[PDB]
Amino acid sequence: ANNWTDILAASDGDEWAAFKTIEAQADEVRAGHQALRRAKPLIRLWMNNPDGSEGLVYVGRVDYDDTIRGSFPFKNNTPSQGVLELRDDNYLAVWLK
Amino acid sequence: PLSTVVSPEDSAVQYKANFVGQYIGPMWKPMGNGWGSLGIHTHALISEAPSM
Amino acid sequence: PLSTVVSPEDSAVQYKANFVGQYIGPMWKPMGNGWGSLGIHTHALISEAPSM
Amino acid sequence: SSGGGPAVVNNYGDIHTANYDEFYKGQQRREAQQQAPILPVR
Amino acid sequence: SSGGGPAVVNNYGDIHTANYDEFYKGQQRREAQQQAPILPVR
Amino acid sequence: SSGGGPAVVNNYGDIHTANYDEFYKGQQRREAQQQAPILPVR
Amino acid sequence: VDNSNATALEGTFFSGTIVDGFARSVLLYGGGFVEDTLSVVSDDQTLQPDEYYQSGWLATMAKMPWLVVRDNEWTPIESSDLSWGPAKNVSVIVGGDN
Amino acid sequence: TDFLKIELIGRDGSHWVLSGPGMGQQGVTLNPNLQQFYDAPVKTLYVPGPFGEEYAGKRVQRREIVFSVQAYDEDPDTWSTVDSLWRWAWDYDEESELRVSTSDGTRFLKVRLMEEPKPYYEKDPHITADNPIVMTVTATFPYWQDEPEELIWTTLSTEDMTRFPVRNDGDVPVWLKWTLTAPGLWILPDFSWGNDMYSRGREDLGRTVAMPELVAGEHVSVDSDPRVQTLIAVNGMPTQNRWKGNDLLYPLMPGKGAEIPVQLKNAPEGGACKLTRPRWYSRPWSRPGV
Amino acid sequence: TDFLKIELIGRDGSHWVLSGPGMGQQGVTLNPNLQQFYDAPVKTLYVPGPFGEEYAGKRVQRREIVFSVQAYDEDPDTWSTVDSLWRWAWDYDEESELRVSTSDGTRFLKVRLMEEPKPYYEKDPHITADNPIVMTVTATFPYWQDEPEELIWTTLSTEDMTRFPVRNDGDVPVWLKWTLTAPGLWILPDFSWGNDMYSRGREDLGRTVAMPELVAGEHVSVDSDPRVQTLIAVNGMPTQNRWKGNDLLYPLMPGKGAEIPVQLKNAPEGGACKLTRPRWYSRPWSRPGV
Amino acid sequence: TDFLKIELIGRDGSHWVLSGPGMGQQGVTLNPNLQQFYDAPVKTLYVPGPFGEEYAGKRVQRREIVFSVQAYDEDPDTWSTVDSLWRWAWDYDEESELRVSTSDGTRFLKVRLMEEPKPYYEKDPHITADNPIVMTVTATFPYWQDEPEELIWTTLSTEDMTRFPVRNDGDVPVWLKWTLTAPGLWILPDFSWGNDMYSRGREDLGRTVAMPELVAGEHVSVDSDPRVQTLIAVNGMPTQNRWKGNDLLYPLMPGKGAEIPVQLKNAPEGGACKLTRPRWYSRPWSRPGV
Amino acid sequence: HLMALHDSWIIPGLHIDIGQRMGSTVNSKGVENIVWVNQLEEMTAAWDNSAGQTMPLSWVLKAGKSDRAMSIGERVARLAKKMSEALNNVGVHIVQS
């Protein structure tokens, strides 16, 4: 809770400096939001345990750049189909084949 | 167009040096005695880190 | 080029297998009985390494 | 240079090279994604 | 003048600028007009 | 001569003269051939 | 006609490799005969059909499938769609009124 | 000529004078025939109508500027250094500034590499040490702009009011930004300026909107431009979530200005307000419009 | 020139010297600018990847050779005879040979009329008796061929083995052909030569495959090239039908060669084997590859 | 010129100097007007926005270099030898190296034949014995490379730690490769270097990832690049299977570097770690930037 | 209402989730002021890395639902599912003879 008086004192009584401080804070919050929005997805394939026990076992990860195309819908109370296209030289594509 | 030009809000800064390399390096500016007045001493007799 | 480079066919090869991890590996192709006919036995009753 | 040639043909969009079979298959795939999970198993 | 250029391209028909998206949407709209009233409300 | 003109446009395929109506009708006819004999008579 | 020959006593080919040819399997029925698995014939000694020793014969006999269509860089065919999907439901309920 | 000066300030802070007084001192000059450089591209929309087509609106398009520079030096090694520096001045991810200075002032356009540059002649460039680089840059924000007008009003009273003089001297509408301290409840103007985009031209002549009551330490930035979220607090609190669907809807229309009122209430300390009015223009130079 | 000779042998067996020593003796010479004649057309495949497009493979394409010839004679009647003979030397259904002879030897390409020839000038051809014919021919098999290298091994023993020296001196893989007498169980080599097309280059280094036991009179031809069914019996019996879904998988890759082993068993009469190694090249002339 | 030297190392290891000091000694020189040779082709993505279109990212494209060479000799026989050797220096399946040497060092590009070469003039090439070949090569990896830097750290202790000095002097991010011996538990750095591609640029500044415990004989290659699987065991064991939804996500951003820590624990016989760092550039030559 | 969030500050899943009410406007004369408030029903994340057409990861929202504006194929599929379920129910409610 940095009050206006506290910010002005930190800026040594310069209103323009204090407002530039506040603007920099707002800009960093906006930049964090933009990075969160533009973050790449994490696509991971898991399998059942070969011995027949519980717990999914990590197969691997598909890179977003290594995908060809993808489409994942979230629907309200309705099943949806996700589609992922890979090159056949991809290691997870080879594993699936 | 600017109402006022204010000094940028420079934040806290940090620096470190250990003198493990060969020469002094450009991060240290010699003064008084001019360029090439600084050096690194190994101090291997006591088995200690090199000093400037 | 033949003098400079060494061909894969003109190369002596040596292969190892220990079965200490209790896994056959992909280098042993089953013959006659097909897949699943090979196994690793621990032999823990004696103080001996696993065998194939 | 760009304005008035292939660089504006790209702005025109699918006037030159563009195939019908691939577009139809893509539309069919999108419809299949939309409708497949809700079709019955019978 | 007209014979042998864009004015005969118009006679050719949809060889130059013509997109697939609105054509497919129009076909879907026509089929929806045909079939929507007879589809049950259930 | 052939390489770099209409003779390679033919290799490009359906970039120049090709209309969407016949392609859509042909796809509809293929689907009708596939699905008509199995549709019920009711 | 029975062209697959899957339910026959000698079985048929359910899998194979391009380096070893086809693999002969026979159906083995579990308890209640609802479920059938595949057991491989390790020592396959099925005789060739008599039709395979006749001039001018081209057909595929059910007991001895032979035709493998190979796709590679110099394939004579055009493969379009090879799709595999796993089984879905472990159990089935059938009934109503008895 | 001395009536126009063009500079590039690269992503790395380098300064190049491509045209005007002192051009080519850094080794790179500007070749003729630069396109989509003066007027902001706009496409107009039309609906079918009884007399042909009816006007439906306008949309401003991004700038696709294709221009050539000429990098020169007496010796090929120094030419190579100059060419490398020019290449380092540009990027795809981050934008570099392109400043045009005339008797109307200095206006800058932020441009980034749209695609890879096309350098050199058909032979190797060390033969000549004087080679052209064709650059296809793009301006996502297509308006030339100047430094915005900033005003500050601080107070110690619990309840107070102020008037900010505002005036759009450019040819395109601009979107105002506010910086508001906390705690306090602010009433901010959203005057329509007679604009009829929502069919509320003179209905919203004196529209004022109430920001949500800011808690201690929740200094907010209120940006009316559509590129960015309106309310952002510096402490990360979701201020807009408490702002029940309200928004700033109107930009400052060209040729319009007034003393817009700002009200502060429920501020025990007494807060501060800052208003930022952008100076957007559709042309590198233009006489002021009244 | 004397460094290069070009010949045509028509569907009717006629011999034409289009270029080289003795060109034009039959009245027809070759005009410049012949295309898709030297290198076999190959298209490369690419799949999207993180750094652009990744290599996905290569496919050879058929040749579309468009070339012009000039048919000439002093008198129009003899010119008409020459033109008729040249037209008779071509067909759509059956191919005619096109031989290129250089210091590297003689290599032939089988071409057929892709479409109708385009003869003569704008005026009637009897004015000049010296007219060009534009021929658009096609090569379904795009590689240039030399006469294949053939080896024969005969044995009177019931069980025997031999080794055939084989080496691909060309720049393209070639597919071996075998001719095996009957009765007898043959085992033929299908060495990978380090070809990783099936991801088994090192596993199939010494791969051998057994043909089905051949009955009396059932001499077989085993052609590994994909245009042809692998096993074909002389007496029409379905040998590949008996052969349980096996196949010859690998061609002899360029630069590879060895003494491939052939095994014969259960042959009371003692049998014979013939190996045919084709000599395919991608250019009409090329120095030998090692 | 002596400021630029272009060489080719063929698929067969032949060495050609196309331009610079010693060009044409092997008979082949480089003709002018070569395209997509200097700058890496990058396409920038744009998505609709309030003021036109907003920047959405960049995608680097594979290089499609179309150039021409001239094979020359005094006599047609030796010209034919030179042309055959030049053709043998290329392939479709396997790549050949194209090096550029300048005062900034030597950088190479791996290129392959995209399509069949277009050789010779309209007439037979033995006349002139000096003929051009039009080459359309492609670089699947579009970045010019220098030899990657390799660092080795061997330890005999059960538990040990080292600091690998790493630095990206290029203009593009690079992906590190690790070669770890077994047995032992390895902890490798995955520093973000400020990269915010996963919205964790500051959270992952000092990020370290622990590989699964390696059994005896399970030496691993840990390649961070998206083209290759991260974990590969030399014995074929599924090492990635025991690694619980974890990965190396971050390349080495340009202009960044430090002493990245590598830790080894539970190693009865010590262990060895090799770090390979590629040196990737978008241009054949460029002054160092920082 | 169908929306496509190209570079909007809205973060699907974070700012708004499936089933959660949101308002939307359309720049059409007569309904500029009106806000249509619907609970979010669909949101699809799609991308394409192909060289020909390259679409970065983008979100498309569908707020509210309508059987009328549903496509004919989707309507037929939903009707078929309901008909199959009802047929199973009737068949299992059949009284034997």
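Residues numbered from 1 in each chain as written, not as in the entry; some residues may be left out. Chains lettered and ligands numbered in written order. Part of a larger assembly, values for the part shown. Heavy atoms only, no water.

- Looking at the entry header, you'll see cryo-EM listed as the method and 2.97 Å as the resolution.

1. A closer look at the overall build of chain A
For step 1, the next point in the chain: A count of helices and strands for chain A gives 3 helices and 4 strands.
For step 2, the next point in the chain: Beginning at the N terminus, the succession of helices and strands in chain A can be written as α-α-β-β-β-β-α.
For step 3, the next point in the chain: A compact globule built from 97 residues should have a C-alpha radius of gyration of about 13 Å, whereas chain A, at 24 Å, is more than 25% larger.
For step 4, the next point in the chain: Overall, the C-alpha framework of chain A stretches about 70 × 30 × 30 Å when taken along its three principal axes.
For step 5, the next point in the chain: Going through the 97 residues of chain A one by one, you find that 42% of them count as buried.
For step 6, the next point in the chain: Sequence-distant contacts, at least 24 apart, represent 20% of the contacts inside chain A between residues at least 6 apart.
For step 7, the next point in the chain: A total of about 5,200 Å² of accessible surface is found on chain A, and carbon and sulfur atoms cover 50% of it.
For step 8, the next point in the chain: When the 11 basic and 15 acidic side-chain charges of chain A are each reduced to a single mean position, those positions are 10 Å apart. (Helix = DSSP H or I, 4+ residues; strand = E, 2+ residues; numbered from the N terminus. Rg over C-alpha atoms; globule rule 2.2 N^0.38 Å. Buried < 20%, exposed > 50% of the residue type's maximum accessible area, 1.4 Å probe, protein only. Contact = heavy atoms within 4.5 Å. Areas by Shrake-Rupley, 256 points an atom, 1.4 Å probe, with all protein chains shown as cover. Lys, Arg positive; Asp, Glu negative; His and termini not counted. Charge placed at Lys NZ, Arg CZ, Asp CG, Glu CD.)

2. A short note on the sheet that holds strand β12 (residues 160–167) of chain I
Residues and elements named next belong to chain I.
For step 1, the next point in the chain: Pairing is antiparallel in the open sheet, where 4 strands are placed in the order β12-β18-β14-β15. Taken across any chain shown, the strands that pair with only one partner, and hence form the sheet edges, are β12 and β15 (208–210). Across the sheet, the mean angle separating the axes of adjacent strands is 20° when strand polarity is ignored.
For step 2, the next point in the chain: Pairing of strand β14 (residues 185–189) with strand β18 (residues 257–265), which is carried by 3 bridges, proceeds in the antiparallel orientation. The residue of β18 that forms the bridge with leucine 185 is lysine 265. (Pairing = 2+ DSSP bridges. Axes fitted to C-alpha atoms, helices over the stretch in contact; angles between N-to-C directions.)

3. Examining helix α2 (residues 20–35) of chain F
Residue and element names in this part refer to chain F.
For step 1, the next point in the chain: The end-to-end C-alpha separation of α2 is 22 Å, in line with the 22 Å expected for 16 residues at 1.5 Å each.
For step 2, the next point in the chain: Among all positions of α2, only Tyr20, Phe23, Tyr24, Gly26 and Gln27 are buried. The buried residues of α2 occupy an angular sector of 160° when the element is viewed end-on, so they sit on one face. Along α2, the residues that are exposed and aim more than 90 degrees away from the buried face are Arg29 and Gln33. (Expected span 1.5 Å × (residues − 1). Arc of directions from axis to C-beta.)

4. So, the packing of aromatic side chains
For step 1, the next point in the chain: A full pass over the atoms with the stated rule returns 78 aromatic pairs over all chains.
For step 2, the next point in the chain: An angle of 35° between the planes, with centres 4.8 Å apart, marks the rings of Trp4(A) and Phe19(A) as tilted. With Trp4(A) in helix α1 (residues 4–10) and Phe19(A) in helix α2 (residues 15–38), the pair connects residues that are 15 residues apart, well separated along the chain. Comparing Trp4(A) with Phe19(A), the two get one shared label, buried.
For step 3, the next point in the chain: Taking 5.7 Å as the distance between ring centres and 85° as the angle between the ring planes, the aromatic pair formed by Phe51(I) and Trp280(J) counts as edge-to-face. (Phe/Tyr/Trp six-rings, centres within 6.5 Å; stacked < 30°, edge-to-face > 60°.)

5. With respect to the layout of surface pockets
For step 1, the next point in the chain: As a volume, the second largest pocket reaches approximately 1,800 Å³.
For step 2, the next point in the chain: As for the second largest pocket, its lining consists of 42 residues, of which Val8(F), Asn11(F), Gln36(I), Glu115(J) and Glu116(J) are closest to the centre.
For step 3, the next point in the chain: Of all elements in the fold, only α1 (6–12) of chain F, β4 (42–49) and β6 (63–72) of chain I together with β9 (118–119) of chain J reach the threshold of two or more residues within the lining of the second largest pocket.
For step 4, the next point in the chain: Grouping the constituent residues of the lining of the second largest pocket by class yields 17 nonpolar, 14 polar and 11 charged. (1 Å grid on protein atoms, 1.4 Å probe; cavity = no way out; pocket = protein on both sides within 12 Å on 5 of 7 lines; lining within 4 Å. Points joined across faces, edges and corners; volume = space filled by probe spheres on them. Nonpolar A, V, L, I, M, F, W, Y, C, P; charged D, E, K, R; others polar.)

6. Section: the environment of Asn38(K)
All names here are of chain K.
For step 1, the next point in the chain: Along the polypeptide, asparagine 38 turns up in strand β3 (residues 36–48).
For step 2, the next point in the chain: When the C-alpha positions of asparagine 38 and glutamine 20 are compared, they lie 8.1 Å apart, and in sequence the two are 18 residues distant.
For step 3, the next point in the chain: Among residues more than four places away in sequence, those in contact with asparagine 38 are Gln20, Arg21, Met22, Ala63 and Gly64.

7. Quick look at the side chain of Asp204(I)
For step 1, the next point in the chain: Structurally, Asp204(I) is set in the loop between β14 and β15.
For step 2, the next point in the chain: A polar contact is formed between the side chain of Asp204(I) and the side chain of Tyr250(I), at a distance of 2.9 Å.
For step 3, the next point in the chain: The residues touching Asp204(I), leaving out its near neighbours within four places in the chain, are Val19(G), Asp190(I), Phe191(I), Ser192(I) and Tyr250(I). (Polar contact = N/O pair within 3.5 Å; in protein donor to acceptor, adjacent residues only side chain to side chain.)

8. So, the relation of the copies chain J and chain H
One copy of the chain maps onto the second through a rotation around an axis plus a translation along that axis.
For step 1, the next point in the chain: Superposition record for chain J on chain H: RMSD 0.6 Å, screw rotation 62°, translation along axis 0.3 Å. Here the two chains are linked by the operation of a six-fold rotation axis. Rotation axis and chain J: the residue whose C-alpha lies nearest the axis is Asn33(J), separated from it by 22 Å. (Least-squares fit on C-alpha atoms.)

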